[PDB]
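K.L.:
Residue numbers (the entry's author numbering), protein chains in the order written: chain B, 10 to 261; chain B', 10 to 261; chain B'', 10 to 261; chain C, 180 to 238; chain C', 180 to 238. A prime marks a further copy of an entry chain. Backbone N, C-alpha and C define an ideal beta-carbon position, used for all residues, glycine too. Structure below; questions to follow.
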Amino acid sequence: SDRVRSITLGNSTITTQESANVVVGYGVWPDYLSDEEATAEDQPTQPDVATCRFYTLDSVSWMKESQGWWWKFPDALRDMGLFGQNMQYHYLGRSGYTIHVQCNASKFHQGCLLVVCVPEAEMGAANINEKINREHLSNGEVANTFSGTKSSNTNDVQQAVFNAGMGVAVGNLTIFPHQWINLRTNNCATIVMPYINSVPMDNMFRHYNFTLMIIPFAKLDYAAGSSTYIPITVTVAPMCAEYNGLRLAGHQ
Amino acid sequence: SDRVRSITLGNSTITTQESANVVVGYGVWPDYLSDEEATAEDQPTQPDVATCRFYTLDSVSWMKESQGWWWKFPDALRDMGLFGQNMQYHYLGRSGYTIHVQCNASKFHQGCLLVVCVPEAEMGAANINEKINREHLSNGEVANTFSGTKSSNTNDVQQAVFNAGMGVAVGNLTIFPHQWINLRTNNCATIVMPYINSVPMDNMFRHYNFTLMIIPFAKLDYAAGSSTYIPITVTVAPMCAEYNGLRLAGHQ
Amino acid sequence: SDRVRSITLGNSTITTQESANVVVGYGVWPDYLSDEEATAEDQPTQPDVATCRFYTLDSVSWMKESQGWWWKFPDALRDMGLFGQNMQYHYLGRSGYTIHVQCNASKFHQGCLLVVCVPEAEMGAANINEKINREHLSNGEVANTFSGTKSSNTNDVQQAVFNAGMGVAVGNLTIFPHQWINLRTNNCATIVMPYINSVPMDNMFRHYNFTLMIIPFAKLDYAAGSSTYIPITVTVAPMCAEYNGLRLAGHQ
Amino acid sequence: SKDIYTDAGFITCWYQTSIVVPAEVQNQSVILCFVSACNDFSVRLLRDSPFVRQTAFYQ
Amino acid sequence: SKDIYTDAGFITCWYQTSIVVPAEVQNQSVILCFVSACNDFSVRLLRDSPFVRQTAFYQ
Numbered sequence: 010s011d012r013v014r015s016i017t018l019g020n021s022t023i024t025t026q027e028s029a030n031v032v033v034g035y036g037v038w039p040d041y042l043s044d045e046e047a048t049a050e051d052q053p054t055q056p057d058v059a060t061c062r063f064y065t066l067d068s069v070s071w072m073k074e075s076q077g078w079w080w081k082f083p084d085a086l087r088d089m090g091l092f093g094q095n096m097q098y099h100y101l102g103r104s105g106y107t108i109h110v111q112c113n114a115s116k117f118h119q120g121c122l123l124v125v126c127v128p129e130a131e132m133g134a135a136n137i138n139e140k141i142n143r144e145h146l147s148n149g150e151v152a153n154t155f156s157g158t159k160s161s162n163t164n165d166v167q168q169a170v171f172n173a174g175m176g177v178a179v180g181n182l183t184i185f186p187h188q189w190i191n192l193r194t195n196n197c198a199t200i201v202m203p204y205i206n207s208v209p210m211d212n213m214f215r216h217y218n219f220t221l222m223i224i225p226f227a228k229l230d231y232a233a234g235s236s237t238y239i240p241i242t243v244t245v246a247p248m249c250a251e252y253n254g255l256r257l258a259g260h261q
Numbered sequence: 010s011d012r013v014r015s016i017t018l019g020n021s022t023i024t025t026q027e028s029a030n031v032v033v034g035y036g037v038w039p040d041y042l043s044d045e046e047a048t049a050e051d052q053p054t055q056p057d058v059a060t061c062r063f064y065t066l067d068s069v070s071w072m073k074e075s076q077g078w079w080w081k082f083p084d085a086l087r088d089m090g091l092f093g094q095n096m097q098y099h100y101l102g103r104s105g106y107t108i109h110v111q112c113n114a115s116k117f118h119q120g121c122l123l124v125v126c127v128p129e130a131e132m133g134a135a136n137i138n139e140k141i142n143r144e145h146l147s148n149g150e151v152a153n154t155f156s157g158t159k160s161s162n163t164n165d166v167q168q169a170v171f172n173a174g175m176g177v178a179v180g181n182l183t184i185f186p187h188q189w190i191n192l193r194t195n196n197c198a199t200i201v202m203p204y205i206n207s208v209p210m211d212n213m214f215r216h217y218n219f220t221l222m223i224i225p226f227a228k229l230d231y232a233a234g235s236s237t238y239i240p241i242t243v244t245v246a247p248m249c250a251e252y253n254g255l256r257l258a259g260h261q
Numbered sequence: 010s011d012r013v014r015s016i017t018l019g020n021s022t023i024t025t026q027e028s029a030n031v032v033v034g035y036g037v038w039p040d041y042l043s044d045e046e047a048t049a050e051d052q053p054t055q056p057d058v059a060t061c062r063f064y065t066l067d068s069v070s071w072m073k074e075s076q077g078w079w080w081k082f083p084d085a086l087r088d089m090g091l092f093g094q095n096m097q098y099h100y101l102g103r104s105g106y107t108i109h110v111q112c113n114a115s116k117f118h119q120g121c122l123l124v125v126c127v128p129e130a131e132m133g134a135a136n137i138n139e140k141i142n143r144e145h146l147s148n149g150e151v152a153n154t155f156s157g158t159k160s161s162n163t164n165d166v167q168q169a170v171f172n173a174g175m176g177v178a179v180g181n182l183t184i185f186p187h188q189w190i191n192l193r194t195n196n197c198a199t200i201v202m203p204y205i206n207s208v209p210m211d212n213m214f215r216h217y218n219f220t221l222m223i224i225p226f227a228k229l230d231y232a233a234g235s236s237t238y239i240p241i242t243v244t245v246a247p248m249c250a251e252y253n254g255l256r257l258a259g260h261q
Numbered sequence: 180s181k182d183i184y185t186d187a188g189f190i191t192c193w194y195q196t197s198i199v200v201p202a203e204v205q206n207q208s209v210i211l212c213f214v215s216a217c218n219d220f221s222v223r224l225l226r227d228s229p230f231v232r233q234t235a236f237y238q
Numbered sequence: 180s181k182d183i184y185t186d187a188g189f190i191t192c193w194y195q196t197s198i199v200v201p202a203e204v205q206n207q208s209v210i211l212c213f214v215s216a217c218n219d220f221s222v223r224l225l226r227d228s229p230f231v232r233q234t235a236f237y238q
């Protein structure tokens, strides 16, 4: 069958057995920047094995009352090896990605996740005329969490699932490249994501390219003897990463 | 696989995912009446979209102690739209059928139904020299019920499962076009039934063409936490229906 | 799929539905003895229907604390029909085999068997300078049992699972033609075994050709409502059996 | 918008047979619903949305 | 044998996501592990095994 899928990027391999398909962006597969669309004049850096490989983020636990999670993604890979180091030493970065999310259960568990990959997810604030600190939009590989009700914390994102932190209807949030993790058919969700920005290259600290969102529509539910702890594990691999403008290490 | 089957007759569609196959009568597919076998002289009426479509009967509940059910079938579709109206305004009717029966369970339930389609099922009476009322042979879309023992009601069919109401061995009742609904492999049972009668056309009130029978050999059984209510839903679609001899509405 | 396998040898047929594959020896399929490798001068006896057929041994029960079982195999078929009679009347025997082992469970049971077919499994003794009686190496179709600890019985095999009765590491015991009975994928394990000996024909009482071993690595485990009694049933069929040197019945 | 002349109909959903579930499995479950247009779909007349409601400017 | 110059590395195994199991099924399970060589594998220098230890003869 076509439910078995295998992916090799570098020295890391993912073999799944209950996959569904692979969504590839808006039809475009990640490729390098041509000489017609190029702006800077100097030679880029293409590592291609030390960079283009799968990095595994933190596993998050999914209770019956969990509401959602998000990760900002040129920023959650800040401290992941030579991708993060090449981010820290260069000025201009450009890459595509491959987002694979693992979550397993049995045939007695039910539930349904929605894995969305949202470009330019400029989020709101809890207080309307207030500034958001950077530790709440992103935290690296540690996930932030949506809330079920109107959150009114200090210097924090408005965390309500029915607005996704962005002020839209969460049911209409399927216009972006998405899959579902349905626990009766699926086991995983692979999303290939090309580079989408208004400029050919951009700095990888000052900008947030996109935002992964995992929101459970059908709540997790099980009987009085099944396993309670169900993790959700996200693994990401940059694709066609190249770098420009070498200078000293820092971000200020 | 060949377990997925889709049927479109008119403006109604059935998609099943754990079907088995389709029994087609005695090999013959339903077709219109030719000019060599025709008896009446006037033009028939062939609606073909307003008539040939799926009609859904009543759902019946299957306990552990249920014994069986039957429906008479030119008569259970008396009040089902333009098939029933075209039955009421014409004198001669002729059609084939397609009987699809739904019953679902899980992988923890067990049981086994037998879906038989019996032509000319002339049934016995509870009292031997007594007349049967018409409300007990047929009731429209509401099912009659077999009994486990010797029933001796007034003006009623002899309801015993080991004689099927007809006086034969119920194990020998598989000579007719039949399927099984086995709850570990099946989900549904499709039976295509052509027109079988001694005359080319017949009146659709005075005659009963055939009788659907659903008899559980292996009794329904489940554990102390599984779902109790298990319905059985029958859906029927006339095929190649044509009509002759238009006159006023009634049946007397 | 290739999970359905059917085997016909004589007047006996095995149909399985969750098989895995068939291991055939060391690549060699059982065949008769040629005239270049032959040693004796007289005509052999090739029954080929009354002999080459499946014989079913005793079923053994697998608790949570069971340790293993073994059968010696030119000797466990001593009293199985015309194979055993043709063993008793001839002096030289030569055959291959086909070992099929049945064990079934549900999707709620877990466990894992290891079915090894070990040529020349010369076993140790419980006491080091002591003689083993023949009733403990073999018992016919009744299985002997390994023990979890150091057994020190009189005139008995050293029964410890971590040495397999032979003095080796039981994890290294997979060099022989083997399969696994994993209860989440498998149902059965077919092993075709050719004739392996240092001489072209040998006597079938004085010699033990090989030894079947079934050792559970992952212990059997289930919940508080599942079925407790789980049998293990072994069925064997000689292949290409021929016999030489007819004389009177006996073994002394 | 709503008028009596162009009324379109009713979408409804019914139990054919029940939900049969085995033991130690939850009984109540969730259906999700989707909508989209086919390849023969059209729109004709521009107007302003009835949803936009502002009173003052956005200083 | 062990030396500091030719050290080879570390084999490790981690939980990506947990083991989700339904009701009335056992939670604790067992992983088995295997090892073998590939088609590019080699050995060079004969020596005696460090495992054989006898003191007297085998009368």
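Which two residues bound the contiguous alpha helix (DSSP H) that contains B:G93?
P.N.:
From DSSP, the alpha helix (DSSP H) with B:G93 extends over 90-98.
K.L.:
Take B':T54 and list the residues in its own chain whose beta-carbon comes closer than 8 Å to its own, dropping the five residues that flank it on each side.
P.N.:
The answer, listed in chain order, is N95, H99, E251, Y252, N253, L255.
K.L.:
Does B':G180 pass the burial test, meaning 16 or more other C-beta atoms within 10 Å, or should it be called exposed?
P.N.:
Exposed.
K.L.:
Would you say residue 3 of chain B and B:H118 are within 8 Å of each other, going by their C-beta atoms?
P.N.:
Nothing can be reported for residue 3 of chain B: it is not among the residues displayed for chain B, which extend from 10 to 261.
K.L.:
Check whether the region 215-225 of chain B' and the region 235-244 of chain B touch, using three or more Cβ-Cβ pairs below 8 Å as the test.
P.N.:
Segments in contact, no.
K.L.:
Rounded to whole angstroms, what's the CA-CA distance from B':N195 to B:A114? Just pull it up for me.
P.N.:
Approximately 25 Å, taken between the alpha carbons.
K.L.:
Do three or more CB pairs link the region 120-134 of chain B'' to the region 208-216 of chain C at distances below 8 Å?
P.N.:
As far as the Cβ criterion goes, the region 120-134 of chain B'' does not touch the region 208-216 of chain C, which means the pair count is below three.
K.L.:
Rounded to whole angstroms, what's the CA-CA distance from C':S180 to C':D227? Just pull it up for me.
P.N.:
Their backbone Cα atoms lie some 12 Å apart in a straight line.
K.L.:
With DSSP collapsed to three states, give me the class of B:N153.
P.N.:
Correct three-state label for B:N153: strand.
K.L.:
Does any C-beta atom of chain B' lie closer than 8 Å to the C-beta of C:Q207?
P.N.:
Not one chain B' Cβ lies under 8 Å of C:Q207.
K.L.:
With a CB to CB cut of under 6 Å and the five nearest residues on each side skipped, what residues in its chain are close to B:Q97?
P.N.:
If we look at B:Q97 and ignore the five residues flanking it on each side, its Cβ neighbours are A258.
K.L.:
Got a sec, what are the start and stop residues for the beta strand (DSSP E) B'':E251 sits in?
P.N.:
Segment 240-253, the beta strand (DSSP E) holding B'':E251.
K.L.:
For B'':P225, which beta-bridge partners are listed by DSSP?
P.N.:
Paired residue(s): B'':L122.
K.L.:
Report the three-state DSSP secondary structure of B:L101 (helix, strand or coil).
P.N.:
Residue state, collapsed to three classes: strand.
K.L.:
Does B:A47 come within less than 8 Å of chain C when only Cβ atoms are used?
P.N.:
For B:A47, the answer is no, since every Cβ of chain C falls outside 8 Å of its Cβ.
K.L.:
Of the residues B':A198, B':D211, B':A233, which one's Cα is nearest the Cα of B':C121?
P.N.:
Considering only alpha carbons, the answer is B':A198.
K.L.:
Suppose the cutoff is 6 Å on Cβ atoms and the five residues either side in sequence are ignored; what does the same chain contact list for B':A227 look like?
P.N.:
Closer than 6 Å at the Cβ level, and outside the excluded window around B':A227, lie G120, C121.
K.L.:
Whose C-alpha, out of B:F82, B:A29, B:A232, is nearest the C-alpha of B:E150?
P.N.:
Nearest of B:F82, B:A29, B:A232 to B:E150, Cα basis: B:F82.
K.L.:
Tell me whether the beta-carbon of B'':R103 lies closer than 8 Å to the beta-carbon of B'':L42.
P.N.:
Against a cut-off of 8 Å, the Cβ pair of B'':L42 and B'':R103 comes out as a contact.
K.L.:
Three-state secondary structure (DSSP) at B'':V179?
P.N.:
Helix.
K.L.:
Compile a chain-ordered list of the residues in the region 227-256 of chain B whose CB is closer than 7 Å to at least one CB of chain C.
P.N.:
Result list: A227, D230, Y231, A232, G234.
K.L.:
Counting pairs of Cβ atoms below 8 Å between the region 134-144 of chain B and the region 154-174 of chain B, do you hit three or more?
P.N.:
Yes, the region 134-144 of chain B is in contact with the region 154-174 of chain B.
K.L.:
Quickly, what does DSSP pair B:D230 with across the bridge? List them, please.
P.N.:
DSSP, once it has assigned bridges, lists B:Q119 as partnering B:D230.
K.L.:
If you measure between the beta carbons of B':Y204 and B':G105, is that distance less than 8 Å?
P.N.:
Contact: yes.
K.L.:
When you check each C-beta in the region 188-220 of chain C' against every C-beta of chain C, which residues fall closer than 8 Å?
P.N.:
So the close ones are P201, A202, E203.
K.L.:
Which residue marks the beginning of the alpha helix (DSSP H) containing B:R143, and which one marks its end?
P.N.:
Counting along the chain, the alpha helix (DSSP H) containing B:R143 begins and ends at 143-146.
K.L.:
Mind checking whether B':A49 and B':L66 have CB atoms under 8 Å apart?
P.N.:
No, the pair does not count as a contact, with Cβ atoms beyond the cut-off.
K.L.:
According to DSSP, is B:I137 helix, strand or coil?
P.N.:
Residue state, collapsed to three classes: coil.
K.L.:
Taking only the alpha-carbon atoms, compute the straight-line gap between B':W71 and B':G157 and give it to the nearest angstrom.
P.N.:
So the two alpha carbons sit approximately 14 Å from each other.
K.L.:
Going along the region 85-116 of chain B' in order, which residues come within less than 7 Å of chain C, judged by CB to CB distance?
P.N.:
So the list reads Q111, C112, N113, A114, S115, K116, given in the order they occur along the chain.
K.L.:
Using the C-alpha atoms, what's the distance from B':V32 back to C:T196?
P.N.:
C-alpha separation (whole angstroms): 22 Å.
K.L.:
Shortest alpha-carbon distance to B:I141 belongs to which of B:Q111, B:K116, B:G174, B:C112?
P.N.:
When only C-alpha atoms are compared, the closest one is B:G174.
K.L.:
For B'':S15, count neighbouring Cβ atoms within 10 angstroms of its own Cβ and tell me buried if that reaches 16, exposed if not.
P.N.:
Looking at its Cβ environment, which holds fewer than 16 other Cβ atoms inside 10 Å, B'':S15 is exposed.
K.L.:
Do B:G77 and B:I184 have their C-beta atoms closer together than 8 Å?
P.N.:
Taking 8 Å as the Cβ cut-off, B:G77 and B:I184 do not qualify as a contacting pair.
K.L.:
Any idea what DSSP makes of C':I183, helix, strand or coil?
P.N.:
It is coil, neither helix nor strand.
K.L.:
Quick one: list the residues of chain C neighbouring residue 274 of chain B', beta-carbon separation under 8 Å, in chain order.
P.N.:
Limits of chain B' in this structure are 10 at one end and 261 at the other, which puts residue 274 of chain B' out of reach.
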